Every structure is written in C-alpha cells, then in structure tokens.
Amino acid sequence: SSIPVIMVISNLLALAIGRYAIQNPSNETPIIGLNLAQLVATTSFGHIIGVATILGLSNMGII
Amino acid sequence: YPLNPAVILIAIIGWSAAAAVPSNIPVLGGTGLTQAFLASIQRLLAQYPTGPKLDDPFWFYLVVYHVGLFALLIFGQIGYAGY
Amino acid sequence: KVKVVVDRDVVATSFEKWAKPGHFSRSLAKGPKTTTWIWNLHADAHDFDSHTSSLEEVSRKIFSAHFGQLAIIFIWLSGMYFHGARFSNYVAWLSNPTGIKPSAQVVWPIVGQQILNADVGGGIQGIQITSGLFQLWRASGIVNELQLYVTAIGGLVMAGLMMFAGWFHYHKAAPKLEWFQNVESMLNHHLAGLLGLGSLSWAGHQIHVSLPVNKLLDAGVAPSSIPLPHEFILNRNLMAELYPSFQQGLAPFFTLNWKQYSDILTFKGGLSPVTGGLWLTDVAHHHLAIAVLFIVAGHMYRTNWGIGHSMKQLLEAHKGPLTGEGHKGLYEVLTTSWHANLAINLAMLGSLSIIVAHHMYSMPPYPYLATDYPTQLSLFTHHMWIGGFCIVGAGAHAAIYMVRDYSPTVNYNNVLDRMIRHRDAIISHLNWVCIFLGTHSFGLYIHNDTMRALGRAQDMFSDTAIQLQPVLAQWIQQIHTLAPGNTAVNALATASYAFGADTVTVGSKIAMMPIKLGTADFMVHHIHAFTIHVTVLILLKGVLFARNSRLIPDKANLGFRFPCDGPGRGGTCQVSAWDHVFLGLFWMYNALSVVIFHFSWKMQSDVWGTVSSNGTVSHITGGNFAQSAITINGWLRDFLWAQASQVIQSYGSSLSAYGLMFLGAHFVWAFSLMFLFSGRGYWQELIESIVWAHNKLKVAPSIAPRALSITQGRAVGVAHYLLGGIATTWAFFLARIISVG
Amino acid sequence: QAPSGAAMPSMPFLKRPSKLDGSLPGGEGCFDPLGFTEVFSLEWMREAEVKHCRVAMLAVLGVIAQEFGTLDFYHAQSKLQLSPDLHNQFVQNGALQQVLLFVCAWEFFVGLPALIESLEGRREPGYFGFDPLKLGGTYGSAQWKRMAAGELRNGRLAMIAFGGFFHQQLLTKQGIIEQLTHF
Amino acid sequence: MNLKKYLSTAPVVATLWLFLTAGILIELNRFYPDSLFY
Amino acid sequence: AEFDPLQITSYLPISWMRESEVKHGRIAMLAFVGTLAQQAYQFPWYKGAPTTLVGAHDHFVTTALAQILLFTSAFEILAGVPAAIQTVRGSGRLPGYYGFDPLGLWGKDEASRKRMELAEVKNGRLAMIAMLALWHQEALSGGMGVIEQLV
Ligand code: CLA
Ligand code: CLA
Ligand code: CLA
Ligand code: CLA
Ligand SMILES: CC1=C(C/C=C(\C)CCC[C@H](C)CCC[C@H](C)CCCC(C)C)C(=O)c2ccccc2C1=O
Ligand code: SF4
C-alpha cells in the first residue's frame with residue numbers, strides 16, 4: 001500500500017522539481033506544463049528517487 | 001579573497017552537529033562520530049605520555065572527522081568568497 | 001542537432017593502390033631511391049594526420065581501422081575458443097581442476113620439438129597455458145567442446161562482420177566530421193549502451209547460466225550430468241531447486257521486494273572455500289549494481305531533447321581565482337584532436353590494466369584461478385606490462401597533441417596554458433622529488449647491503465634492526481579487516497583476505513591469505529613511488545617542452561619526431577618529444593620490472609604454498625622476503641639466482657622452450673645495445689665499403705643501402721631492449737612458477 | 001499507395017534494388033529485401049547462387065537415388081544418407097576423398113578462372129557453355145532464358161529441399177522415402 | 001592485374017618464397033629426420 | 001495529428017507512429033476474434049488445452065507460439081524492418097501498405113479508400129482497447145471465459 005503512495009509522491013515531486021530544474025521548460029501541456037521528453041526525464045528521476053527511498057525505508061524496517 | 005575567519009566557526013559547528021547524529025552500533029558506539037571522537041581524546045589525554053596503538057579506533061575517528069571537516073571548510077571558502 | 005550524416009561510395013574498392021606502395025604519402029608515392037624509403041613506408045603507414053590535412057578523412061580512417069582491430073581481436077578470441085575445443089584438456093580439467101594442468105597448444109612431431117607436449121593430464125600432451133582461459137570458461141558455465149566450438153565459429157562471424165563494417169564505413173558509408181564530434185551522444189551510448197547494457201546482459205548470463213552450472217560443479221556433479229544452460233531457462237523448477245527466489249519469478253523485481261533475491265544476489269565478500277574464487281552471486285550482483293550505475297550515468301549529456309549537460313558548459317563553469325580561464329577551450333581541444341583523446345584514453349586504459357592486475361590477484365574472480373599460481377603470476381604480470389605501455393603511449397600522444405594540434409588561441413590562460421607558463425616550476429620540483437625519492441628509497445638498500453657486508457646487521461633498515469613499518473598501509477589493512485558488520489554492515493567477509501582474517505585453501509594450496517607488510521614492503525613501495533615519479537618526469541618534460549625550451553625556441557617547427565637540432569648549443573641529441581617517449585619506455589620497463597619482481601617474490605615468500613593436515617603454512621620460498629628483500633644482494637641471490645634454477649635446468653624437459661627463450665631473449669636484449677650505443681654515421685660508412693664490393697661484382701642494388709635513420713636506430717634499440725628484457729622475465733617466470741607452483 | 005518510384009515486384013511495399021532491374025532469367029521478382037546486391041558484386045552472388053543450385057540439385061537427387069538403392073561393393077551400413085555415420089564411412093573408404101580431389105581440381109583449374117572472368121565482366125555467371133544435347137538452344141535466346149530461369153527455380157527448390165531432407169532425417173532417424181510412407 | 005602486382009611486392013614474394021622454402025626443409029626433416037651427415 | 005495532447009508526433013515521426021498503430025490494430029483485431037474462436041472451438045490436434053489468454057499462452061509457449069514467433073519474426077526481419085525504415089527515410093509508402101489486396105475491397109477514387117483506411121485504424125483501436133479489457137476481466141474473474149463473463 002505504501003509503495004504506490006511513495007512512488008506517486010516521488011514522481012509528483014520530480015515533476016515539480018522538473019518545472020524549476022530543467023533548462024527551458026515547455027508550458028504547452030494542459031496541466032503538468034512539461035513536454036513529453038521532459039515528462040519522461042522527470043518521471044525517470046521520480047522512479048530513481050522513489051525506488052531508492054522505498055529501499056531506504058524497507059532496509060530501516062519503516063515500511 | 002575576503003578570508004573572514006568566521007568560516008572556521010561555521011566549519012566546526014556545521015560538521016560537528018552533522019557528525020553528532022546517532023549511528024547503528026559497531027566501532028563507533030551508536031552515540032555518533034564526534035561523541036566517540038571526543039570520548040577517544042578524553043581517555044587518551046588521561047594517559048598523556050603513552051599515545052594510542054594501531055589497534056585503537058581513535059585513528060579512524062581522527063581521519064573520518066578531519067576528512068569531513070577539511071571537506072566542509074574548503075567548500076566554506078568557495079561559498080563565502082565566490083557568492 | 002545530434003544526427004547521422006555520411007558520404008556514400010566515397011572510396012572505390014580497387015587493388016590499384018595495393019600495387020602502389022606508399023600511395024598514402026606525397027613524399028613516398030614516388031617510390032624508393034634508397035632503403036630509407038622502405039622503413040619510412042612502415043613508420044608512416046598509420047600516421048593518418050600526416051597523410052591528409054582533413055580532420056574528416058583522418059576520423060574516417062580511424063573509425064574503419066578500429067573495425068580492423070576488432071576483426072583481429074575476434075580472430076584471436078575465436079582461435080583461443082577453437083584451441084580450447086579441439087586441442088585442449090579443458091573437459092578433463094573440469095573433472096579435476098586441482099590435479100590437471102590446463103593445456104590448449106599441441107606441437108607437431110618435427111626435429112624433436114614434441115618434447116614440449118608436456119604430461120599435463122586429461123588424456124593429452126601439450127603446452128601448459130597460463131592465460132587462465134579454463135578458469136574464465138568454467139566461470140562462464142562452459143562444460144563441453146561444442147559450446148567452445150560454437151563460440152569459436154561465432155568469433156569468426158564477428159571477425160567477418162567487423163571486416164565488412166570497417167570496409168563499409170570507409171568505402172561505402174563514411175560518417176562526416178560532425179558525426180564524430182557528437183561526444184555527448186557518444187558518452188551516453190558508451191556509458192548506458194556499451195558498459196551499462198554489457199554489464200546488465202552479462203549479469204543475465206551469470207544469473208541464468210554461470211550461477212546454476214557453477215553451483216552444481218561446486219557441489220561435485222559430473223560436468224556431463226549438469227543440465228545444459230537452456231534447461232535452467234526452460235524448466236524454472238530446475239532453477240528453483242538451486243535458487244528458491246526463482247519460485248517468485250520477476251514479481252519481486254517490479255514490486256521493490258528486492259531482498260527476495262538474497263540467494264542469487266549476495267554481499268558475502270571473501271572467496272568460495274571450494275574454488276578459491278569470488279562467489280558468483282557476489283559477481284552477478286556487482287554486475288547488476290554496475291549496470292544500473294552506467295545506464296543512469298549515460299543519461300548525463302544533452303543530445304536531442306534539451307535535458308542533460310553540455311560538456312562545454314560544464315568545463316567552462318569549472319573556473320576559480322587561482323586557475324585563470326580554467327577548463328575553457330578543452331571542449332574544442334578534445335573535439336578537434338584525436339591525439340588529445342588518445343593521450344587521456346591510453347592514460348586511463350593503461351592505469352585500468354594496472355588496477356585490474358592488483359584486483360584480480362587479491363580478489364581472484366575465477367574458480368581455481370587463485371591456486372593456479374602460473375595463471376595468477378601470468379595475469380598480474382601481463383596486465384602490468386599492457387598498462388605500462390599504454391601510460392607511455394599517453395605521453396607520446398599528449399606530446400603529439402602539443403606539437404601538431406595545440407593552438408595558443410584555444411588554450412588562452414586556461415589550465416593547459418597556465419601549466420606551460422610554469423613548466424620550469426613543475427619540472428624542477430618533480431626533478432627534486434625524483435632525487436629525494438631515489439636517494440631515500442634505493443639508498444636504504446645500498447645502506448643495508450653495506451651494513452650487512454660489514455657485519456653490521458643491527459645497523460640495517462629491517463624488521464629486526466632500524467624498522468620502517470608501513471604503519472599507514474598496516475592501519476588501512478586493519479580498517480578493511482574490521483569493515484564487515486561495521487562500516488560494511490551487510491558484508492559477511494572482507495573484500496580481500498590480502499588485508500587480513502582467514503587463510504583460504506583449495507586442496508592443500510593457499511588461494512589467498514593476509515599479506516603482512518613490514519620494512520621490506522615499505523622499502524619496495526618507495527622504489528615504486530620513485531620509478532613512477534621518474535617515468536612521469538621524462539614523459540611530462542616531453543609534453544611541457546614539446547613545442548619549445550630555452551635550448552630550442554622553435555622546437556614545434558622541427559616536429560614531434562626528429563633526432564636532434566645538431567651538435568651546436570653544446571649538443572641537442574634527443575630534445576624531441578619522441579626522444580622523451582624513447583627514454584620513458586626504459587624507465588617504464590625499469591619501474592614495472594621491479595613491480596612484477598616484488599609481486600613474484602612476495603607472493604612466493606609470504607602468500608602461495610601448502611597447508612598440512614596439522615595446519616602449518618609452508619610457503620614456496622619459506623618467508624625469505626622479509627630478511628632477503630632489504631638488500632640488492634638478497635634480490636640477486638634469493639630471487640634471480642635461486643628462482644632462475646628452474647629455467648636454466650629446463651633442457652631435456654617439457655619446459656625446455658622456456659630455457660631456449662630465456663637465452664633467446666637475453667640475446668635480443670644484448671643485440672639492442674648495438675643500436676642504442678652506436679650512431680648511423682659509423683654504419684653508413686661501413687655500408688659504403690660493402691656497397692663497393694657489390695659494385696665490383698656488378699651486384700649493387702638500385703635501391704641504395706642506407707644506415708637506419710637516427711630515430712629508427714633508437715626505435716630498433718628500445719624495441720629489442722624491451723622485447724629481450726620482457727621475454728627474459730616471461731621465460732624466467734613461467735619456467736619458475738610452472739615448476740614450483 | 002506504394003513507394004514513389006520503381007517498387008520491387010516480389011515485395012511491392014519495398015523500393016526496387018538499384019542493380020536488379022527484372023531482366024535476369026530467374027530474377028523477375030528483383031528479390032533482395034536485405035540489400036546484399038547494394039553492397040556486394042551481383043556477378044559474384046549470381047555465380048554463388050547458380051553453383052549452390054547445381055550442387056544442391058545433384059545432392060537432393062543423390063539422397064533419393066541412394067535411398068532407393070546403393071551399390072553392393074560399397075557396403076553402406078547406414079540407410080540415412082545425410083547422417084554423420086554414412087559421411088564418415090565414405091571418407092574412410094576414400095570415395096569422398098576421390099570426388100573431393102576432382103571437385104577441388106575443378107574449383108581451382110575451372111571454377112576460380114571462371115569466377116575471375118565473370119568479375120572482369122567477360123563471362124555470364126554460371127556459363128561453362130556445356131550443352132552437348134542442345135536442350136537450351138543458342139546462348140542468349142528466349143529458350144535459353146526459360147531454361148536459365150528453370151535452372152535457378154529448380155536449384156532454389158533443391159537448396160531449400162536439402163534443408164528439409166537433412167533436418168527431418170536428424171530428428172526422425174528415418175529415410176526421406178521411409179518418412180513419407182510411414183506418417 | 002593490380003592484385004598480381006601486389007602479390008609481386010617484396011614482402012608478399014619474400015613471405016611466399018620463405019614459406020615454400022620452410023615447407024621443403026620441414027617436409028625433408030619429417031621424411032628424413034636426424035640427418036647429421038650425407 | 002488531430003488528438004495528440006502529449007505531442008508524441010513532435011518526437012517520433014507520424015509515418016513511424018501510424019505504422020505502429022496500424023500494426024498493433026491488425027494484431028489486436030486477429031487476437032480478439034482469435035480469443036473468441038479458441039474459447040468456442042478447439043482443434044483435434046491439441047484437445048486438452050486451457051483455452052484461457054494466460055493459460056493457453058503458457059501452454060503453447062514452447063511449441064505453437066515458438067513457431068509463430070519464428071515465422072512472425074521472419075516477416076518483420078525481411079518485410080517489416082525494410083518497410084518501416086524506408087517509410088521514415090522517405091520512400092513515399094503509406095504506413096500499413098504491404099500491397100495485400102487479393103480482392104477489390106479497398107475501393108476506388110480517394111474518399112472510399114481513406115474511409116476504408118480510417119475504418120481499419122478505428123476497428124484496430126476498438127480491438128486494441130478490447131484486448132486490454134479482456135486480460136483485466138479474465139485476471140479479476142478467477143480465469144473466466146469472455147462468453148462465460150456474461151454470468
Ligand atoms: C576487401 C577488399 C578491399 C580493397 C580492394 C580495398 C582498397 C583500398 N582500401 Mg580499403 N578497407 C577494406 C577492404 C578493401 N579495401 C577493409 C576490410 C577495411 C577495414 C579495415 C578497409 C579500410 C580502409 C581504410 C581505413 C583505408 C583503406 C584504403 C584503401 C585503398 C588503399 C589500400 C592499401 O594500400 O592497402 C594495402 C594494405 C595491406 C594489404 C595491409 C592490410 C593490413 C591488415 C588490415 C591487417 C594485417 C593483420 C596483422 C596486423 C598482420 C600481422 C602479421 C605479422 C607478420 C606481423 C584501396 C583503394 C586507404 C585509402 O587511403 O583509400 C583512399 C585507407 O586509408 N581501406
Ligand atoms: C549502444 C550503442 C553503442 C555501443 C554498444 C557502442 C560500442 C562501441 N563503439 Mg560506439 N558509438 C555509438 C554507440 C555505441 N557504440 C554512437 C551513437 C556513436 C556516435 C556518437 C559512436 C561512435 C563511436 C566511434 C567514433 C567509435 C566507437 C567505437 C565503439 C567500440 C569501442 C571499442 C570496444 O569497447 O569494443 C567492444 C566490442 C564489442 C562489445 C563487440 C562488438 C559489438 C558490436 C559492434 C555490436 C554491439 C551492439 C549490438 C546492438 C549488439 C546486439 C546484441 C545482440 C544480443 C542482439 C564499441 C564496439 C570505436 C570502435 O572501435 O569502432 C569500430 C570507435 O572508434 N563508437
Ligand atoms: C643503475 C643504473 C642507473 C642509475 C644509478 C641512474 C641514476 C639516475 N637516473 Mg638514469 N638512466 C639509466 C640508468 C641509471 N640511472 C639508464 C640505463 C637510462 C637510459 C634509459 C637512464 C636515463 C635517465 C633519464 C631520462 C633520467 C634518469 C634519471 C636518473 C636520476 C634519478 C633521480 C635520482 O634518483 O638521483 C639520485 C641518485 C641515485 C638514486 C643513484 C644512487 C644514489 C646513492 C645510493 C645515494 C647517494 C650516494 C652518495 C652521494 C655517494 C657518495 C660517495 C662518494 C663520496 C665517493 C638518477 C641520477 C632522471 C633524473 O635525472 O631525475 C631527476 C631522468 O630524468 N636516467
Ligand atoms: C544459397 C545461396 C544463394 C545466393 C548466393 C543467392 C543470390 C542471389 N539471389 Mg537467390 N535464392 C536462394 C539462394 C541464394 N541466392 C534460395 C534458396 C531461394 C528460394 C527462396 C532464392 C530466391 C531468389 C529470388 C526470387 C531472387 C533471388 C535473387 C538472388 C540475387 C540477388 C539477391 C541477393 O543478393 O541474395 C544474396 C543471398 C545470400 C547472400 C544468401 C542468404 C544469406 C543469409 C544470411 C542466410 C540466412 C538468412 C536467414 C537466417 C534465413 C532464415 C530466416 C527466416 C526466414 C527463417 C543473388 C544472385 C534475385 C535475382 O535477381 O535472381 C537472379 C531474385 O529475384 N533469389
Ligand atoms: C647495426 C646498426 C645499423 C645497421 C643495420 C641496418 C642497416 C639494418 C639491417 C637491415 C636488415 C638486415 C634487413 C635487410 C634485409 C633485406 C630486406 C633483404 C631480405 C632478404 C630475405 C630475408 C627476404 C644502423 O644502420 C644503425 C643506425 C643508427 C643507429 C644504430 C645502428 C646500428 O646499430
Ligand atoms: S650525435 Fe646524432 S643526434 Fe646528436 S647532434 Fe649529432 S647528429 Fe644529432
């Protein structure tokens with residue numbers, strides 16, 4: 001149950017980080033305001049952060 | 001180079017507080033790095049003439065502290081000088 | 001921005017130019033009037049940036065030549081697999097790894113050379129091999145000759161494909177300069193695609209083939225009775241018996257329940273007590289962890305989608321107040337000069353070969369490698385030599401960059417310019433450090449020889465007199481011994497038994513054990529520090545003074561490779577960057593000779609040997625390193641004299657080829673001195689008298705005989721010196737270790 | 001819809017190979033999807049195809065003929081013609097050693113000169129002008145092209161057929177005629 | 001004709017001639033081994 | 001493109017995408033009537049087969065699907081790859097065109113052809129959606145058939 005929640009947050013944070021982090025964001029996408037290339041880039045970062053955090057808390061017996 | 005010796009004041013408190021976090025257990029204690037390092041000098045200056053052996057973990061608490069302190073104070077110089 | 005752009009049908013496939021020796025050079029195309037032309041043809045054949053001024057045409061030759069190199073490597077590998085399949089005791093060796101000597105070369109019966117077909121076991125007679133191919137193939141899960149044959153055929157098909165691709169990318173579809181200058185793309189692909197997917201796909205082989213085959217081999221199952229690799233993939237129950245995690249399948253990977261793969265992916269450290277090799281579950285996990293790192297790393301650089309770093313922006317950003325314009329220009333340098341890139345790449349690949357040598361002996365990665373002492377000694381020594389040659393090459397290409405490709409405009413107040421502007425400070429300090437290191441390292445041996453000769457053992461630098469304990473190395477050994485469960489909490493055992501903890505034996509033979517460092521080890525380490533600092537002095541001096549000195553203010557105009565600027569200014573022999581490389585080779589030879597001698601003796605004295613039923617370690621040379629390796633006389637007597645016994649007594653045995661090659665290599669070494677000590681002026685004058693005799697008998701050639709160029713004399717000299725010197729050690733080492741190991 | 005210019009007859013979606021114009025006897029399809037003819041000599045490839053055709057055709061008929069009946073003095077223990085067992089026997093007999101000699105003789109003294117002539121462009125690939133009975137007619141006629149097209153179509157079929165022969169015999173351990181009769 | 005010119009180049013003819021020479025000497029020692037005198 | 005909110009056409013070329021969509025659709029369309037066929041009728045050769053999207057796949061993986069893979073891969077290597085590469089490089093071929101029309105069902109003029117071209121895609125898309133739904137439904141009904149799904 002905790003795995004999907006952390007992963008969505010990590011993807012949503014990476015998406016929010018991405019709006020400021022990425023050099024020249026799109027702002028031609030209905031709600032997220034990133035192009036597909038940038039969406040894949042941020043979600044990729046959100047996955048790496050998500051997997052690493054999840055494995056961090058699993059190793060510490062928190063989840 | 002602005003210098004400002006207050007870089008050394010931040011370098012001590014900045015590293016020491018970060019290094020004073022409680023660790024797991026072995027060859028450290030669980031207290032931290034500083035709490036182990038400041039405990040290691042306390043029981044070594046108690047026997048001021050007779051210095052430490054290679055077996056003693058003081059040498060590890062020394063290197064990992066200083067290699068952390070020198071890192072935090074060098075990156076302290078660049079930050080203050082080059083805003 | 002990142003695009004494929006090629007020129008089509010750019011060079012016709014014709015034998016025309018094959019029949020025109022030296023077509024590639026305006027100077028050589030006219031053909032020979034003297035024998036100098038014949039040497040020049042060969043010396044210049046691959047100097048592509050001398051043939052043409054077009055960076056595009058140079059780049060295209062390089063890319064195509066690279067395919068030629070891979071084609072040859074594939075023929076060589078194919079050969080090794082085919083010799084394994086057809087002429088080896090590999091299959092028999094799998095059933096008795098400790099008893100049978102690996103052999104994959106059989107000589108024909110002619111002029112009595114069949115004596116070299118040694119009694120190696122496994123129902124063949126042949127040369128004992130030291131390449132470690134059997135240990136590699138066993139780690140890969142190869143159990144039969146069909147698997148080796150198919151790999152050999154596969155190799156020939158890859159060789160063919162490399163040849164086609166080399167031909168194709170030169171003659172049919174040659175990429176444009178802008179293709180090659182895609183360094184960001186190249187690095188993303190090489191990091192994520194070559195290293196990342198290489199390691200991922202290899203980890204795949206290990207988990208699916210190596211792991212199950214080696215687990216059954218290590219349990220003692222007959223290699224013929226082991227299921228073929230595909231049966232582990234097809235039947236999951238077969239795999240689930242060996243590694244229960246395979247019951248849960250790939251569900252634990254996608255759900256991040258990765259601890260479920262604790263059976264197949266481990267952090268055991270240490271070695272198999274069965275094979276004396278690294279646990280393959282450690283290696284599979286290593287390769288998975290590395291693969292991820294590399295695939296992630298290869299997303300760093302901007303290509304076609306905005307995201308990623310500009311290497312230009314990164315370099316130009318790394319600017320501080322002490323280093324002027326910092327790394328400004330270096331992006332232009334490295335995108336416009338092949339030599340600049342070859343300089344870096346040889347330095348790192350060479351340095352890597354040396355790291356590989358150290359890591360592979362101490363953390364023996366292959367099963368039954370550790371206790372195959374011939375293979376351990378051979379692999380360490382080989383990878384040391386390849387590393388040494390590459391590092392000297394880095395010097396050569398760094399200096400070629402400085403002469404041919406360097407511009408002051410590109411390198412204006414950047415780290416390269418600023419280095420040139422204090423070359424006197426750099427070289428004076430390094431010179432000093434070389435004299436400090438040489439006196440205080442080699443001086444300790446001479447002090448010791450003198451004190452021992454004068455009957456003053458209590459005045460020596462030794463473990464029993466004036467001790468020089470390598471306390472920092474000793475302290476680091478302790479930390480690495482205390483690591484497992486402490487600073488490496490999930491590691492069950494040390495990275496290496498070299499640092500401390502247990503003695504690992506396979507049969508009676510020592511695989512690895514703690515390598516204790518004392519006064520002898522402190523002393524030889526300062527010799528290594530010394531020989532490396534001097535080699536750096538020679539090669540770095542070559543680079544920083546490649547273009548000019550106070551002696552030769554226009555040296556760049558004379559070029560990379562030229563003999564001198566004449567006997568004036570007191571004499572200017574060997575001022576060229578090329579001549580620094582020439583001198584660098586001897587010192588590299590000196591440096592690495594002492595490294596492999598240090599290795600051979602230390603391992604024989606203090607590591608390798610037998611452990612009895614009682615459990616007492618008997619080393620090959622019974623711990624003589626500590627008291628003998630602190631004098632030159634001890635090296636001469638207890639190492640060279642004592643250990644040469646095997647190679648010089650080899651006549652009339654299967655090791656007689658080593659005896660012959662030992663003498664042959666001494667001959668070639670000595671022959672080299674004729675070239676190094678003499679000058680072509682003598683030789684050209686001698687040839688004049690010989691030419692007279694031919695003229696007298698109307699048998700003088702139209703291609704006028706010339707003495708070798710001054711530079712070729714040096715090139716021939718150092719090539720025979722290195723061939724002779726290295727091959728001598730090779731024969732010494734192999735005869736010694738195949739006999740006593 | 002199709003591609004813009006000339007399309008490959010055999011594969012109407014793929015563009016026609018530059019060298020294959022449909023004029024060759026058994027190459028109306030211009031069948032080269034992987035584009036071998038784009039990089040390799042057509043005269044070489046044609047020589048190879050026609051050589052394989054003629055070797056395969058003799059070999060397919062050889063298997064069938066040897067299955068039906070073998071000579072007495074050739075004590076053939078194996079009834080499987082494309083088995084290692086039979087091949088090995090007639091290497092040791094010296095039968096395949098003898099035909100190797102005259103095949104090697106042909107290839108070195110005839111086949112290699114013939115190939116070099118074709119690469120120079122002074123010989124049509126496969127032409128040895130061998131027609132004693134004149135079942136082709138005059139060299140270059142519509143009758144010759146029909147037989148030339150027939151040779152390849154018969155040869156290509158035998159080439160593939162020999163694959164079926166070898167592989168089926170390797171699984172079943174039965175004769176090609178024995179397999180047809182018994183399931 | 002250009003391939004034949006290449007095969008007539010010093011190193012190719014030297015390689016082939018010394019191969020042939022080595023073959024003759026090797027084959028003579030295979031069939032007449034240990035010839036210390038005529 | 002009409003409906004492309006992510007703007008995938010901006011990154012991969014429409015010719016390549018429209019090859020993929022039409023390829024997917026044709027596979028999905030045979031797969032949908034294939035699933036209804038196998039769940040209804042069984043061949044005499046197999047007899048004792050699961051007749052479930054997951055079970056039938058797992059059953060026929062070593063034999064039937066291995067042969068399908070071999071001859072499906074063959075087509076993709078020889079026809080599918082050069083077709084897909086020639087379209088993007090600019091041959092002028094419509095994506096999906098393999099010249100397969102033994103009958104005259106495409107139509108005449110352009111209007112009737114583009115309607116039949118649109119028909120293929122929209123029949124492909126509905127079969128594409130269908131095949132995703134059938135896997136979800138079979139998974140979360142304890143391995144229930146597509147006809148057995150209707151109580
Ligand atoms: C198959 C036939 C073929 C033919 C007819 C040609 C023809 C040509 N090539 Mg091409 N080429 C080919 C294949 C071919 N190439 C292949 C397979 C490659 C990939 C390696 C190339 C890559 C290539 C490059 C990079 C270049 C050419 C060039 C040329 C031209 C000059 C070649 C020359 O003088 O070489 C004669 C040289 C040799 C016969 C030596 C070849 C050495 C081989 C590769 C390695 C030998 C192995 C090993 C080191 C041997 C050690 C033995 C031991 C005794 C020490 C000529 C038009 C050059 C040019 O300038 O064109 C304008 C040029 O720069 N070719
Ligand atoms: C995934 C992408 C990829 C991979 C795997 C490689 C791999 C390689 N490149 Mg690089 N390259 C790439 C992308 C890639 N490149 C791109 C995009 C560019 C332009 C920016 C370049 C530009 C470039 C140049 C200019 C040069 C290279 C060279 C090399 C070789 C370096 C020597 C070596 O390590 O041999 C390792 C050898 C092997 C692993 C065996 C051969 C592997 C072959 C080529 C196939 C590998 C990929 C293939 C998809 C595998 C299929 C797997 C199969 C199970 C289906 C190596 C084969 C050098 C070279 O030697 O060229 C000939 C070289 O000079 N590359
Ligand atoms: C045994 C052979 C030998 C020896 C002793 C030397 C010595 C030296 N070489 Mg040379 N070299 C050699 C072979 C040798 N080389 C060969 C064969 C080549 C051709 C490839 C070269 C080419 C070469 C190059 C290109 C360079 C060197 C350099 C050096 C110097 C290195 C720095 C140093 O350690 O100085 C200290 C001296 C020693 C280590 C020698 C003995 C020291 C003794 C044991 C201690 C002092 C004794 C005391 C003062 C004696 C008093 C007695 C008296 C009162 C009677 C050193 C002087 C480099 C250099 O100059 O570095 C700065 C340098 O760049 N050499
Ligand atoms: C065995 C050797 C062989 C060779 C050298 C050729 C050569 C040729 N063929 Mg022929 N062909 C062959 C067998 C061969 N063919 C067979 C068995 C058939 C029946 C299917 C055909 C049917 C055919 C047609 C209809 C046509 C040709 C044509 C040609 C010519 C142009 C195409 C080309 O370059 O092919 C080069 C071929 C090769 C180099 C051999 C294939 C090599 C691959 C790598 C083998 C393995 C591929 C793969 C694993 C196969 C299975 C995959 C999957 C389907 C299971 C060329 C002279 C064209 C022509 O112009 O005729 C005059 C033409 O229209 N071929
Ligand atoms: C010995 C020596 C020579 C003399 C060596 C020469 C000229 C090289 C000898 C050439 C060898 C023998 C090869 C020539 C062989 C021919 C190609 C013929 C081959 C015949 C068959 C084997 C095919 C120098 O010219 C020289 C120059 C500068 C510094 C030192 C020296 C030096 O030490
Ligand atoms: S001795 Fe030789 S290298 Fe030295 S100056 Fe004279 S010619 Fe030049």
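### As for the overall build of chain B
- Within chain B, the regular secondary structure consists of three helices and zero strands.
- When the helices and strands of chain B are read in sequence order from the N terminus, they spell out α-α-α.
- The C-alpha atoms of chain B give a radius of gyration of 15 Å, which is well past the 12 Å a tight globule of 83 residues would have.
- Dimensions of chain B, computed from the C-alpha atoms along their principal axes, are close to 45 × 30 × 20 Å.
- Sequence separation of 24 or more characterises 54% of the internal contacts of chain B that already satisfy a separation of 6 or more.
- For chain B, the exposed surface amounts to about 5,500 Å²; the carbon and sulfur share of it is 75%.

### A closer look at the interface of chain A and chain F
- Facing the five residues of chain A at the interface are four residues of chain F.
- Summed over both sides, the interface between chain A and chain F buries roughly 440 Å², with carbon and sulfur atoms accounting for 67% of that surface.
- Summed over the shared surface of chain A and chain F, the number is one residue pair in polar contact.
- Looking at the side of chain A that touches chain F, its residues break down into three nonpolar, one polar and one charged.

### Notes on the site of ligand 5
- Surveying the vicinity of ligand 5 reveals the residues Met-674, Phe-675, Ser-678, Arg-680, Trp-683, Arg-706, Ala-707, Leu-708 and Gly-713 of chain C together with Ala-14 of chain E.
- Per-site note: the chains with residues close to ligand 5 are chains C and E.
- Within the side chain of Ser-678 of chain C, an N or O atom sits 3.1 Å from an oxygen atom of ligand 5.
- Contact distances for ligand 5 include 2.8 Å between an oxygen atom and a backbone N or O atom of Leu-708 of chain C.
- Protein coverage of the free-state accessible area of ligand 5, which is 790 Å², stands at 51%.

### Here's the deal with the arrangement of the chains
- Ranking the seven pairs of chains in contact by number of contacts places chains D and F first.
- As for chain F relative to chain E, no contact occurs, and the smallest C-alpha gap between them is 36 Å.

### Quick notes on the packing of helix α1 (residues 6-19) of chain B against helix α3 (residues 58-81) of chain B
All names here are of chain B.
- Interaxial distance between α1 and α3 falls to 9 Å at its minimum, and their mutual angle equals 135 degrees. Between α1 and α3, the crossing angle belongs to the class labelled oblique. Both α1 and α3 take part in a crossing whose hand is right-handed. Taking contact as the criterion, the partners of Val-7, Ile-10, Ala-11, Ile-12, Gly-14, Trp-15 and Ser-16 in α1 are, on α3, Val-64, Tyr-65, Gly-68, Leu-69, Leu-72, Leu-73, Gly-76, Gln-77 and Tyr-80.
- Across the contact of α1 with α3, the residue classes tally to eleven nonpolar, five polar and no charged.

Calculation notes
- Residues numbered from 1 in each chain as written, not as in the entry; some residues may be left out.
- Chains lettered and ligands numbered in written order.
- Part of a larger assembly, values for the part shown.
- Heavy atoms only, no water.
- Helix = DSSP H or I, 4+ residues; strand = E, 2+ residues; numbered from the N terminus.
- Rg over C-alpha atoms; globule rule 2.2 N^0.38 Å.
- Contact = heavy atoms within 4.5 Å.
- Areas by Shrake-Rupley, 256 points an atom, 1.4 Å probe, with all protein chains shown as cover.
- Buried area = accessible area lost by both parts, 1.4 Å probe.
- Polar contact = N/O pair within 3.5 Å; in protein donor to acceptor, adjacent residues only side chain to side chain.
- Nonpolar A, V, L, I, M, F, W, Y, C, P; charged D, E, K, R; others polar.
- Near = heavy atom within 4 Å.
- Axes fitted to C-alpha atoms, helices over the stretch in contact; angles between N-to-C directions.
- Parallel < 35°, antiparallel > 145°, perpendicular 65-115°, else oblique.
- Left-handed = near helix turned anticlockwise from the far one by under 90°.

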